[PDB]
Amino acid sequence: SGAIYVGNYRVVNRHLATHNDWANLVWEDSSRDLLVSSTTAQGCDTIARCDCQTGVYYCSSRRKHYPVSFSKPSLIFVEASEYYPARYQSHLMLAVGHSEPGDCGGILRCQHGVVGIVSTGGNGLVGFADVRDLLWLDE
Ligand SMILES: Cc1nc2n(c1CC(=O)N1CCC[C@H](C(N)=O)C1)CCCC2
Ligand SMILES: [Zn+2]
């Protein structure tokens, strides 16, 4: 689990969105596994606006942060799960690292701020849903 709180927005994995997130929907993309909802309290996280391919991600299944090198966001094939059929997920970034389904929501972060959240995993690879192209989160 996990979310990014910036301005009057809450950013979560779409497959983990709650009833309140759906009732206060701002935007969602099944293809990216992202959902954004509105909030009453103001959020203070900083979103990275950069091209950096190294960072650190939080892994709840190990209570540890791991430094990683990750690929640029792209279309990657993702096997079937109970939330989605086997499809291509866009704006996805891959690194060699540990993950479990309960690790989705864990933040990936560089020196410039929040890069994205854990979305996928398998075969010793962890995938992150990028959020750096969502310029409207800052306004
Ligand atoms: C984080 C994670 N790590 C692993 N796994 C997962 C979970 C995973 O990839 N899902 C399941 C939830 C929806 C995700 C999606 N964006 O399509 C795909 C699956 C088992 C092997 C290790
Ligand atoms: Zn950066």
# chains A, B, ... in the order shown; residues from 1 in each chain; ligands from 1

$ residues_around --residues "residue 63 of chain A" --least-positions-apart "5" --cutoff "12 Å" --atoms "only C-alpha atoms" --output "PDB file with N, CA, C and O atoms, in the first residue's frame"
ATOM      1  N   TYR A  57      14.018   3.182  -3.631  1.00  0.00           N
ATOM      2  CA  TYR A  57      12.589   2.820  -3.426  1.00  0.00           C
ATOM      3  C   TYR A  57      12.352   2.145  -2.093  1.00  0.00           C
ATOM      4  O   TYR A  57      13.221   1.426  -1.618  1.00  0.00           O
ATOM      5  N   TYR A  58      11.172   2.358  -1.511  1.00  0.00           N
ATOM      6  CA  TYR A  58      10.826   1.730  -0.261  1.00  0.00           C
ATOM      7  C   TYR A  58      10.153   0.384  -0.546  1.00  0.00           C
ATOM      8  O   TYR A  58       9.244   0.307  -1.372  1.00  0.00           O
ATOM      9  N   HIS A  98      13.812  -6.601  -5.359  1.00  0.00           N
ATOM     10  CA  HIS A  98      12.772  -7.362  -4.710  1.00  0.00           C
ATOM     11  C   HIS A  98      11.421  -6.636  -4.625  1.00  0.00           C
ATOM     12  O   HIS A  98      11.353  -5.434  -4.365  1.00  0.00           O
ATOM     13  N   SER A  99      10.341  -7.416  -4.726  1.00  0.00           N
ATOM     14  CA  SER A  99       8.974  -6.944  -4.543  1.00  0.00           C
ATOM     15  C   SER A  99       8.005  -8.126  -4.300  1.00  0.00           C
ATOM     16  O   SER A  99       8.322  -9.272  -4.587  1.00  0.00           O
ATOM     17  N   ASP A 103       3.780  -4.646  -1.801  1.00  0.00           N
ATOM     18  CA  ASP A 103       4.767  -3.586  -1.932  1.00  0.00           C
ATOM     19  C   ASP A 103       4.309  -2.447  -2.851  1.00  0.00           C
ATOM     20  O   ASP A 103       4.940  -1.373  -2.827  1.00  0.00           O
ATOM     21  N   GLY A 106       4.747   1.753  -2.682  1.00  0.00           N
ATOM     22  CA  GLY A 106       6.055   2.161  -2.203  1.00  0.00           C
ATOM     23  C   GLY A 106       6.651   3.207  -3.137  1.00  0.00           C
ATOM     24  O   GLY A 106       6.592   3.062  -4.366  1.00  0.00           O
TER      25      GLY A 106
END

$ closest_atom_pairs --of "chain A" --to "ligand 1" --cutoff "6 Å" --atoms "only C-alpha atoms and all ligand atoms" --output "Markdown table"
| residue | atom | partner | partner_atom_place_in_ligand_line | distance |
| --- | --- | --- | --- | --- |
| A:33 | CA | ligand 1 | 16 (N) | 5.3 |
| A:81 | CA | ligand 1 | 11 (C) | 5.5 |
| A:83 | CA | ligand 1 | 13 (C) | 5.9 |
| A:84 | CA | ligand 1 | 17 (O) | 5.9 |
| A:99 | CA | ligand 1 | 3 (N) | 4.2 |
| A:100 | CA | ligand 1 | 3 (N) | 3.6 |
| A:101 | CA | ligand 1 | 6 (C) | 3.8 |
| A:103 | CA | ligand 1 | 1 (C) | 5.4 |
| A:104 | CA | ligand 1 | 1 (C) | 5.3 |
| A:119 | CA | ligand 1 | 16 (N) | 4.7 |
| A:120 | CA | ligand 1 | 9 (O) | 3.2 |
| A:121 | CA | ligand 1 | 3 (N) | 3.3 |
| A:122 | CA | ligand 1 | 21 (C) | 4.1 |

$ write_last_selection --atoms "N, CA and C atoms" --output "mmCIF file, in the first residue's frame"
data_model
loop_
_atom_site.group_PDB
_atom_site.id
_atom_site.type_symbol
_atom_site.label_atom_id
_atom_site.label_comp_id
_atom_site.auth_asym_id
_atom_site.auth_seq_id
_atom_site.Cartn_x
_atom_site.Cartn_y
_atom_site.Cartn_z
ATOM 1 N N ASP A 33 -2.089 2.054 -14.455
ATOM 2 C CA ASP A 33 -2.335 1.582 -13.081
ATOM 3 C C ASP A 33 -2.254 2.766 -12.109
ATOM 4 N N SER A 81 -3.304 -10.892 -13.550
ATOM 5 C CA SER A 81 -3.526 -10.842 -12.102
ATOM 6 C C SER A 81 -5.058 -10.779 -11.847
ATOM 7 N N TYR A 83 -6.690 -8.229 -10.845
ATOM 8 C CA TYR A 83 -7.121 -6.857 -11.112
ATOM 9 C C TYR A 83 -7.130 -6.530 -12.599
ATOM 10 N N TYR A 84 -6.289 -7.204 -13.385
ATOM 11 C CA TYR A 84 -6.158 -6.932 -14.809
ATOM 12 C C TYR A 84 -5.887 -8.216 -15.587
ATOM 13 N N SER A 99 10.341 -7.416 -4.726
ATOM 14 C CA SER A 99 8.974 -6.944 -4.543
ATOM 15 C C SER A 99 8.005 -8.126 -4.300
ATOM 16 N N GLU A 100 6.843 -7.817 -3.735
ATOM 17 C CA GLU A 100 5.695 -8.703 -3.494
ATOM 18 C C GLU A 100 4.448 -7.862 -3.773
ATOM 19 N N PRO A 101 3.267 -8.454 -4.075
ATOM 20 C CA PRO A 101 2.094 -7.614 -4.394
ATOM 21 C C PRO A 101 1.783 -6.495 -3.383
ATOM 22 N N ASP A 103 3.780 -4.646 -1.801
ATOM 23 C CA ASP A 103 4.767 -3.586 -1.932
ATOM 24 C C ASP A 103 4.309 -2.447 -2.851
ATOM 25 N N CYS A 104 3.199 -2.650 -3.644
ATOM 26 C CA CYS A 104 2.670 -1.595 -4.530
ATOM 27 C C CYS A 104 2.314 -0.375 -3.669
ATOM 28 N N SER A 119 4.417 -0.619 -8.906
ATOM 29 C CA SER A 119 3.197 -1.031 -9.577
ATOM 30 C C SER A 119 3.233 -2.541 -9.928
ATOM 31 N N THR A 120 4.407 -3.048 -10.351
ATOM 32 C CA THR A 120 4.544 -4.445 -10.784
ATOM 33 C C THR A 120 5.821 -5.121 -10.250
ATOM 34 N N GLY A 121 5.886 -6.447 -10.359
ATOM 35 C CA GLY A 121 7.058 -7.222 -9.973
ATOM 36 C C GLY A 121 6.968 -8.644 -10.487
ATOM 37 N N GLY A 122 8.117 -9.284 -10.632
ATOM 38 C CA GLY A 122 8.246 -10.660 -11.097
ATOM 39 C C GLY A 122 9.618 -10.968 -11.669
#

$ residues_around --residues "segment 12-27 of chain A" --least-positions-apart "4" --cutoff "10 Å" --atoms "only C-alpha atoms" --output "number ranges by chain"
A: 1-5, 31-39, 82-84, 104-106, 117-119, 129

$ residues_near_ligand --ligand "ligand 2" --cutoff "6 Å" --atoms "only C-alpha atoms and all ligand atoms" --output "ChimeraX atom specification"
/A:48,50,52,110-112

$ write_last_selection --atoms "N, CA, C and O atoms" --output "PDB file, in the first residue's frame"
ATOM      1  N   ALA A  48       9.324  14.921  -8.732  1.00  0.00           N
ATOM      2  CA  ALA A  48      10.535  15.175  -9.500  1.00  0.00           C
ATOM      3  C   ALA A  48      10.170  15.553 -10.961  1.00  0.00           C
ATOM      4  O   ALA A  48       9.202  15.041 -11.508  1.00  0.00           O
ATOM      5  N   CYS A  50      12.435  15.712 -13.982  1.00  0.00           N
ATOM      6  CA  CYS A  50      13.796  15.336 -14.346  1.00  0.00           C
ATOM      7  C   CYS A  50      13.808  14.044 -15.210  1.00  0.00           C
ATOM      8  O   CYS A  50      12.760  13.460 -15.504  1.00  0.00           O
ATOM      9  N   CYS A  52      16.579  11.619 -14.540  1.00  0.00           N
ATOM     10  CA  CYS A  52      17.384  10.728 -13.679  1.00  0.00           C
ATOM     11  C   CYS A  52      16.876   9.272 -13.694  1.00  0.00           C
ATOM     12  O   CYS A  52      15.666   9.012 -13.624  1.00  0.00           O
ATOM     13  N   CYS A 110      14.247  10.276  -6.233  1.00  0.00           N
ATOM     14  CA  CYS A 110      15.597  10.694  -6.629  1.00  0.00           C
ATOM     15  C   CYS A 110      15.911  11.991  -5.844  1.00  0.00           C
ATOM     16  O   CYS A 110      15.072  12.477  -5.080  1.00  0.00           O
ATOM     17  N   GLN A 111      17.102  12.580  -6.047  1.00  0.00           N
ATOM     18  CA  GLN A 111      17.468  13.841  -5.399  1.00  0.00           C
ATOM     19  C   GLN A 111      16.465  14.977  -5.717  1.00  0.00           C
ATOM     20  O   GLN A 111      16.427  15.959  -4.972  1.00  0.00           O
ATOM     21  N   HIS A 112      15.670  14.853  -6.804  1.00  0.00           N
ATOM     22  CA  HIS A 112      14.693  15.883  -7.196  1.00  0.00           C
ATOM     23  C   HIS A 112      13.279  15.690  -6.600  1.00  0.00           C
ATOM     24  O   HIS A 112      12.418  16.538  -6.804  1.00  0.00           O
TER      25      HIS A 112
END

$ select_by_dssp --residues "segment 25-136 of chain A" --states "helix (DSSP H, G or I)" --output "number ranges by chain"
A: 101-103, 135-136

$ select_by_dssp --residues "chain A" --states "strand (DSSP E or B)" --output "MDAnalysis selection string"
chainID A and resid 4:13 25:29 34:44 47 54:59 64:69 74:78 87:96 107:110 113:122 125:130

$ atom_distance --atom1 "atom CA of residue 51 of chain A" --atom2 "atom CA of residue 132 of chain A"
8.8 Å

$ atom_distance --atom1 "atom CA of residue 60 of chain A" --atom2 "atom CA of residue 10 of chain A"
19.7 Å

$ residues_around --residues "residue 54 of chain A" --least-positions-apart "2" --cutoff "9 Å" --atoms "only C-alpha atoms" --output "PyMOL selection string"
chain A and resi 52+56+67-71+109-110

$ closest_residue --among "A:29, A:125, A:65, A:102" --to "residue 90 of chain A" --atoms "only C-alpha atoms"
A:29

$ closest_residue --among "A:127, A:8, A:28, A:93" --to "residue 42 of chain A" --atoms "only C-alpha atoms"
A:8

$ residues_around --residues "residue 135 of chain A" --least-positions-apart "4" --cutoff "10 Å" --atoms "only C-alpha atoms" --output "PyMOL selection string"
chain A and resi 47-49+131+139

$ decode --residues "segment 106-130 of chain A" --atoms "N, CA and C atoms" --output "PDB file, in the first residue's frame"
ATOM      1  N   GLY A 106       4.747   1.753  -2.682  1.00  0.00           N
ATOM      2  CA  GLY A 106       6.055   2.161  -2.203  1.00  0.00           C
ATOM      3  C   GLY A 106       6.651   3.207  -3.137  1.00  0.00           C
ATOM      4  N   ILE A 107       7.148   4.296  -2.563  1.00  0.00           N
ATOM      5  CA  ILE A 107       7.654   5.402  -3.364  1.00  0.00           C
ATOM      6  C   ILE A 107       9.087   5.166  -3.868  1.00  0.00           C
ATOM      7  N   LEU A 108       9.361   5.536  -5.135  1.00  0.00           N
ATOM      8  CA  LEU A 108      10.685   5.605  -5.763  1.00  0.00           C
ATOM      9  C   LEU A 108      11.015   7.125  -5.765  1.00  0.00           C
ATOM     10  N   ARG A 109      12.228   7.462  -5.351  1.00  0.00           N
ATOM     11  CA  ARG A 109      12.570   8.856  -5.161  1.00  0.00           C
ATOM     12  C   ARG A 109      14.017   9.128  -5.601  1.00  0.00           C
ATOM     13  N   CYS A 110      14.247  10.276  -6.233  1.00  0.00           N
ATOM     14  CA  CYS A 110      15.597  10.694  -6.629  1.00  0.00           C
ATOM     15  C   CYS A 110      15.911  11.991  -5.844  1.00  0.00           C
ATOM     16  N   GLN A 111      17.102  12.580  -6.047  1.00  0.00           N
ATOM     17  CA  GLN A 111      17.468  13.841  -5.399  1.00  0.00           C
ATOM     18  C   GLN A 111      16.465  14.977  -5.717  1.00  0.00           C
ATOM     19  N   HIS A 112      15.670  14.853  -6.804  1.00  0.00           N
ATOM     20  CA  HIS A 112      14.693  15.883  -7.196  1.00  0.00           C
ATOM     21  C   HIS A 112      13.279  15.690  -6.600  1.00  0.00           C
ATOM     22  N   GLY A 113      13.039  14.587  -5.890  1.00  0.00           N
ATOM     23  CA  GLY A 113      11.724  14.311  -5.309  1.00  0.00           C
ATOM     24  C   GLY A 113      11.118  12.991  -5.767  1.00  0.00           C
ATOM     25  N   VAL A 114       9.777  12.838  -5.619  1.00  0.00           N
ATOM     26  CA  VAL A 114       9.042  11.628  -5.989  1.00  0.00           C
ATOM     27  C   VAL A 114       9.039  11.350  -7.498  1.00  0.00           C
ATOM     28  N   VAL A 115       9.506  10.154  -7.888  1.00  0.00           N
ATOM     29  CA  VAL A 115       9.585   9.715  -9.301  1.00  0.00           C
ATOM     30  C   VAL A 115       8.347   8.884  -9.706  1.00  0.00           C
ATOM     31  N   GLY A 116       7.949   7.980  -8.825  1.00  0.00           N
ATOM     32  CA  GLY A 116       6.778   7.146  -9.047  1.00  0.00           C
ATOM     33  C   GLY A 116       6.546   6.173  -7.898  1.00  0.00           C
ATOM     34  N   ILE A 117       5.596   5.243  -8.075  1.00  0.00           N
ATOM     35  CA  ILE A 117       5.256   4.257  -7.046  1.00  0.00           C
ATOM     36  C   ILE A 117       5.353   2.815  -7.604  1.00  0.00           C
ATOM     37  N   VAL A 118       5.694   1.810  -6.730  1.00  0.00           N
ATOM     38  CA  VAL A 118       5.781   0.396  -7.123  1.00  0.00           C
ATOM     39  C   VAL A 118       4.424  -0.006  -7.707  1.00  0.00           C
ATOM     40  N   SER A 119       4.417  -0.619  -8.906  1.00  0.00           N
ATOM     41  CA  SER A 119       3.197  -1.031  -9.577  1.00  0.00           C
ATOM     42  C   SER A 119       3.233  -2.541  -9.928  1.00  0.00           C
ATOM     43  N   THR A 120       4.407  -3.048 -10.351  1.00  0.00           N
ATOM     44  CA  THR A 120       4.544  -4.445 -10.784  1.00  0.00           C
ATOM     45  C   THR A 120       5.821  -5.121 -10.250  1.00  0.00           C
ATOM     46  N   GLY A 121       5.886  -6.447 -10.359  1.00  0.00           N
ATOM     47  CA  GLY A 121       7.058  -7.222  -9.973  1.00  0.00           C
ATOM     48  C   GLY A 121       6.968  -8.644 -10.487  1.00  0.00           C
ATOM     49  N   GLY A 122       8.117  -9.284 -10.632  1.00  0.00           N
ATOM     50  CA  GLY A 122       8.246 -10.660 -11.097  1.00  0.00           C
ATOM     51  C   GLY A 122       9.618 -10.968 -11.669  1.00  0.00           C
ATOM     52  N   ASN A 123      10.109 -12.210 -11.457  1.00  0.00           N
ATOM     53  CA  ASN A 123      11.397 -12.672 -11.978  1.00  0.00           C
ATOM     54  C   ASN A 123      12.617 -11.839 -11.488  1.00  0.00           C
ATOM     55  N   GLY A 124      12.546 -11.276 -10.284  1.00  0.00           N
ATOM     56  CA  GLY A 124      13.629 -10.449  -9.755  1.00  0.00           C
ATOM     57  C   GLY A 124      13.708  -9.043 -10.344  1.00  0.00           C
ATOM     58  N   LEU A 125      12.595  -8.574 -10.902  1.00  0.00           N
ATOM     59  CA  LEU A 125      12.452  -7.261 -11.508  1.00  0.00           C
ATOM     60  C   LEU A 125      11.285  -6.571 -10.825  1.00  0.00           C
ATOM     61  N   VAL A 126      11.422  -5.261 -10.579  1.00  0.00           N
ATOM     62  CA  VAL A 126      10.398  -4.435  -9.970  1.00  0.00           C
ATOM     63  C   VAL A 126      10.084  -3.277 -10.921  1.00  0.00           C
ATOM     64  N   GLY A 127       8.793  -3.033 -11.136  1.00  0.00           N
ATOM     65  CA  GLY A 127       8.307  -1.968 -11.998  1.00  0.00           C
ATOM     66  C   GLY A 127       7.665  -0.818 -11.247  1.00  0.00           C
ATOM     67  N   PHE A 128       7.966   0.388 -11.667  1.00  0.00           N
ATOM     68  CA  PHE A 128       7.445   1.621 -11.083  1.00  0.00           C
ATOM     69  C   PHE A 128       6.635   2.416 -12.080  1.00  0.00           C
ATOM     70  N   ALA A 129       5.423   2.840 -11.665  1.00  0.00           N
ATOM     71  CA  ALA A 129       4.559   3.704 -12.446  1.00  0.00           C
ATOM     72  C   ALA A 129       5.106   5.132 -12.353  1.00  0.00           C
ATOM     73  N   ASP A 130       5.614   5.692 -13.461  1.00  0.00           N
ATOM     74  CA  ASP A 130       6.165   7.045 -13.440  1.00  0.00           C
ATOM     75  C   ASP A 130       5.059   8.099 -13.220  1.00  0.00           C
TER      76      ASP A 130
END
